[PDB]
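Novice: Okay, handing you the structure first.
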Amino acid sequence: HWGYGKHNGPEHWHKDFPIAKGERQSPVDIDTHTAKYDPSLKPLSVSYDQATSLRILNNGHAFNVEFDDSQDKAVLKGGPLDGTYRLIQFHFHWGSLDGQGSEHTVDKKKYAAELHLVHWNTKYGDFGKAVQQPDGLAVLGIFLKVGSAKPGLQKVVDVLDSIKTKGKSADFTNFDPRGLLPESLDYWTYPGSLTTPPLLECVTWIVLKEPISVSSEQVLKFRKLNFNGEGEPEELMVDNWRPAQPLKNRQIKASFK
Ligand SMILES: Cc1cc(=O)[nH]c(SCC(=O)c2cccc(S(N)(=O)=O)c2)n1
Ligand SMILES: [Zn+2]
């Protein structure tokens, strides 16, 4: 029953998931002026050439594009990470209006949407074990602004009408996630959490400084999805973002400047 409505949205989550008020919750506002440059941070290594997408799923909260993570085919390493993390899925958060939708903010600015490419640390052998560990996940976050279309997004947008409602899925092979990346891999990083229940404090966040542009029509199509199942009243899947959480005792590190 958690979700993003008036009665079960983010401000309610702590009653089922008390870690919602924990010490390393996400997202957060990224104060660009107070981010610490760390000249010992390494370039991020994104190795997506052998990625294998499988399926796209409407889970009732967002849509996931899922990958075969049974081998080291699409991996993230380097950057602030020790060892190697396997891509398991990506998804987005977005708004009802172009002026909101991102989970992280930059100097309090909201983007129209945010892409999360979720990876798990191979030393834990699977995603369900990894989320129980403080260094189990590496989530690469990329902001979306509305402007020119992103052509490598259009395969995703065009399949959405087949997964409109909660529970629907569709085969989704040969999707190349390199088409969703901006030119620069400059990033911020900080230790945080999943941004939806169960809110587990298992994530190394890596947030790219450069947003990708998508067109207004591409984001409009995300807003035609539904939170409800087929044959239930229509509740459009919009504003599926958690607001910024207290930074507490954390420092955001920058790979640049
Ligand atoms: C329950 C389940 C089964 C599975 O096979 N795969 C997954 S992937 C879960 C996931 O990627 C995710 C789960 C919750 C939150 C976030 S976020 N917004 O990037 O912090 C990501 N979940
Ligand atoms: Zn997410």
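Sequence positions for chain A are given in Swiss-Prot numbering; the residues included correspond to 4-260, in order.
Keep in mind that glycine also has a Cβ here, set from the backbone N, Cα and C atoms.
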Novice: For the set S105, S172, say which residue Swiss-Prot annotates with phosphoserine.
Specialist: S172
Novice: Labelled phosphoserine in Swiss-Prot - which residue from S48, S165, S218 would that be?
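Specialist: That would be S165, per the phosphoserine annotation in Swiss-Prot.
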Novice: The Zn(2+) site in Swiss-Prot includes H94, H96. Which of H119, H122 is also listed there?
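Specialist: According to Swiss-Prot, the candidate sharing the Zn(2+) site with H94, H96 is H119.
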Novice: If you count other CB atoms within 10 A of each CB, which of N62, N67, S165, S172, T198 wins among these recorded positions?
Specialist: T198
Novice: Should any of the recorded positions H64, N67, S172 have a Cα within 10 Å of the Cα of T199 (substrate binding site), which are they?
Specialist: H64
Novice: Looking only at Cβ atoms, how many others are within 10 Å of the one on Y7 (site 'Fine-tunes the proton-transfer properties of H-64')?
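Specialist: Step by step: centre on the Cβ of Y7 (site 'Fine-tunes the proton-transfer properties of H-64'), count other Cβ atoms within 10 Å, giving 19.
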Novice: Quick check for the class: what is the C-alpha distance, in angstrom and rounded, between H119 (Zn(2+) binding site) and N62 (site 'Fine-tunes the proton-transfer properties of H-64')?
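Specialist: Their Cα atoms are separated by 15 Å.
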